[PDB]
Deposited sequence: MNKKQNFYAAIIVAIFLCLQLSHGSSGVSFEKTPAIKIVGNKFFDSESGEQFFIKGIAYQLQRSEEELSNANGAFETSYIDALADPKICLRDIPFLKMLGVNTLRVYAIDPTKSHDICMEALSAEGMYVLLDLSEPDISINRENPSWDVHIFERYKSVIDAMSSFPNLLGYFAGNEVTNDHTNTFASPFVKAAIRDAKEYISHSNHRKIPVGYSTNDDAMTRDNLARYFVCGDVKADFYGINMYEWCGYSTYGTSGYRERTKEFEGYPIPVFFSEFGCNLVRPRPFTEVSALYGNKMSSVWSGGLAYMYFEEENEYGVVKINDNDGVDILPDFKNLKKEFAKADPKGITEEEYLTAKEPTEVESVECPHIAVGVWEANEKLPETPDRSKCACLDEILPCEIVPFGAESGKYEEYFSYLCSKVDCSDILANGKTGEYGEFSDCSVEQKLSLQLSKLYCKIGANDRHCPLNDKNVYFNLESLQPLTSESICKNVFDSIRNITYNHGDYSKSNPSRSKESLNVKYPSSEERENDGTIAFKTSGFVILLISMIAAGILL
């Protein structure tokens, strides 16, 4: 049963309970374990392990959260027990689609079949749950003025995730973006993610402006609120909880759910449940695998308990694209033109027909240098600054390398099955001889 968590839907720039019509405000906390290699996932999926989630849910209930943010799940594992247990306590999940080893690389961005398949797998693993609030298609990808060209790749991912969900049988779970709070890029990022023909469904900010005993005015929350007034999609703090002063009083929570902010913001999620020697936890897991409550826990509990956002109902709420920011060198370099939807079938042709391949089974960046000095690699280049994307730029890194390897082989024309790269991961594809 999911009775206690009816699906949340979006209308304009607010979330609503699809059954009651009441505005939904997030009172959340980030919930993600980390390991302190070839045999286990690099990330830990607490939602795949009942003994973990069932341990923590009583404590989450005590905090008074209705939402968790989870950054990584393993789509090969079941999640129904933990998701059902969360639902039974009125709790929803915001979930990143990426994981540390499969994400858009902010410094060398690509939007390709490998990352897209990761996104689809998470969508197919998690979309049956009514308490799946939303998916993030990226987290802090562009994070300063030096990597703004990564943002078109994120927007393509938003487009493609939304279309994959739309064409599937699943409930249309919204797909949004989570950003940091760099003063130089934050305005352009917010506009970019709602400009042109592709838009984020919602927008979360990792918000650390309020440290210690700050105020609505001095913290910055007042100005942030003024600037998001009328922003066309729901906006919330995907993280908050600056730890400069401890124990964190979390007085920002009083502001966030107060009358002035509640008209603009859809709430927020504290960062985070687990203590990881980074002093951001509200609990610490002991050597006995038990939960030790930390000094922050009671302050967050008290502040959420007191939080009573006055919203508006769906019915009362109910009663021309935005221009993309202009390009300026060193300042804003995210082209409006987006990479194409990765095409698994086109890219799989490379696996079948290419004479020379590199298996997925330091090397890569060096092998590109070498190959791309001998053949023209334009067809695998992706440029988010100029909006120019090569024909095979959506294929996996290994497919892109294999294409260049095979072009070099054909250019040489020895036709002797010696792939022109002496390396254990290189092989001559025998299927290439079979007569996309």
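By the record, the deposited chain contains unmodelled runs at 1-28, 65-72, 356-362, 405-408, 483-488, 490-555, with no C-alpha atoms placed there.
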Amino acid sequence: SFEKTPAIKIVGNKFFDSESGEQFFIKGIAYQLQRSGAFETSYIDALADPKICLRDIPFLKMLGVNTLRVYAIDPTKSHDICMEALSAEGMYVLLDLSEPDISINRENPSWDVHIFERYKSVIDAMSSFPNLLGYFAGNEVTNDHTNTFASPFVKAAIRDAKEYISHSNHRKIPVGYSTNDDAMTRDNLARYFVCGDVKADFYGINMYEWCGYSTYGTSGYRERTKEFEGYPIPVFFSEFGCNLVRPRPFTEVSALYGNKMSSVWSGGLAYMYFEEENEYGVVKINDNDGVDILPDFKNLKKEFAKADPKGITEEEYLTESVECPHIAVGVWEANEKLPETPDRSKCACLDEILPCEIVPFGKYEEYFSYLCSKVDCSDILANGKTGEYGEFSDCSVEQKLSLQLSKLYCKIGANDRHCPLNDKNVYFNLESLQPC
From here on, numbers count along this sequence of modelled residues.
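We call the rigid core whatever largest set of C-alpha positions still superposes within 1.5 Å between the two forms.
Fitting each structure in 7 other deposited structures of this protein onto the rigid core and averaging C-alpha distances over structures and residues, 362-370 emerges as the more displaced of 171-179 and 362-370. Modelling of residue 35 is missing from a third or more of the other compared entries in which both of its neighbours are modelled. Per the compared records, residue 320 is unresolved in at least a third of the other entries whose models span it. Averaged over Cα atoms, the B-factor as recorded in the entry is higher for 362-370 than for the other of 126-134 and 362-370. Among the modelled residues of its chain, residue 334 has a C-alpha B-factor that falls in the middle third, as given in the PDB entry.
Sort the modelled residues of the chain by CA B factor and residue 346 lands in the highest third. The entry lists a Cα temperature factor for residue 407 that places it in the lowest third of the chain's modelled residues.
Annotation for residue 1: CA B-factor lies in the highest third of the chain's modelled residues. Residue 357: CA B factor in the middle third of modelled residues in this chain (values from the PDB entry).
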